[PDB]
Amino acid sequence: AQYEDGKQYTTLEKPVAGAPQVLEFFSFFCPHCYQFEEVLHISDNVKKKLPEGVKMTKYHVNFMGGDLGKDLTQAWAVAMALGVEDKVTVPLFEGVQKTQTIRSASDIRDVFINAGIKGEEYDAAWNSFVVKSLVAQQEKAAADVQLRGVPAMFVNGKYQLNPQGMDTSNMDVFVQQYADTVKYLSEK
């Protein structure tokens, strides 16, 4: 067929109950993740094709970058809590991987301050239990899909995107196929 298990996607041996409809894992330390978001715009292209009322969820992961890596999962939780994902995603990617001016929890915070988030507001979120459970949720989710690498995307807690079995030559063909595969999986 056009879409094949083992080709554009794989099936989790152990489907995840109550999972987000579309779940992406990434790290701000992840070079392939930089390409995914800042150059290929996978998240955006996937959303531009998703059915009505399908939410795209994006989680950060700890295993890259040690202490800074976890700080970034906590800051991403802050971004989710405050609903400012679309203001901090680009300067966080660039701060870690382009300018490399993000080297500490303070430098991360600077990105938010400069993007318009009040200091009190950031700090209150940062220290909050709401943010602590969001961190736990993201770690939880990584465990539930038995995550081994990023970037990754799972659909309805059942199917795993397999960019390796897609056409990798034209950037835009690749991106279109990835986005089309997610749409197909979402209606499956």
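We number the residues from 1 along the sequence you see.
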(request) Taking the mean of the C-alpha B-factors per stretch from the entry, tell me the winner out of 38-46 and 124-132. (result) 38-46
(request) Please work out which of 72-80 and 110-118 has the higher mean CA B-factor as recorded in the PDB entry. (result) 110-118
(request) Could you check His32, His60, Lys140, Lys55 and tell me which one carries the biggest Cα B-factor in the deposited entry? (result) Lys55
(request) Taking the values exactly as deposited, rank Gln100 by C-alpha B-factor within its chain and report the matching third: lowest, middle or highest. (result) highest
(message) Going by the CA temperature factor in the PDB record, which third of the chain does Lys183 belong to: lowest, middle or highest?
(response) lowest
(request) Quick one: classify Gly157 as lowest, middle or highest third of the chain based on its Cα B-factor. (result) highest
(request) Would you mind checking where the Cα B-factor of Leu147 ranks among the modelled residues of its chain, as the lowest, middle or highest third? (result) highest
(message) Please place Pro51 in the lowest, middle or highest third of its chain according to the CA B-factor in the PDB entry.
(response) highest
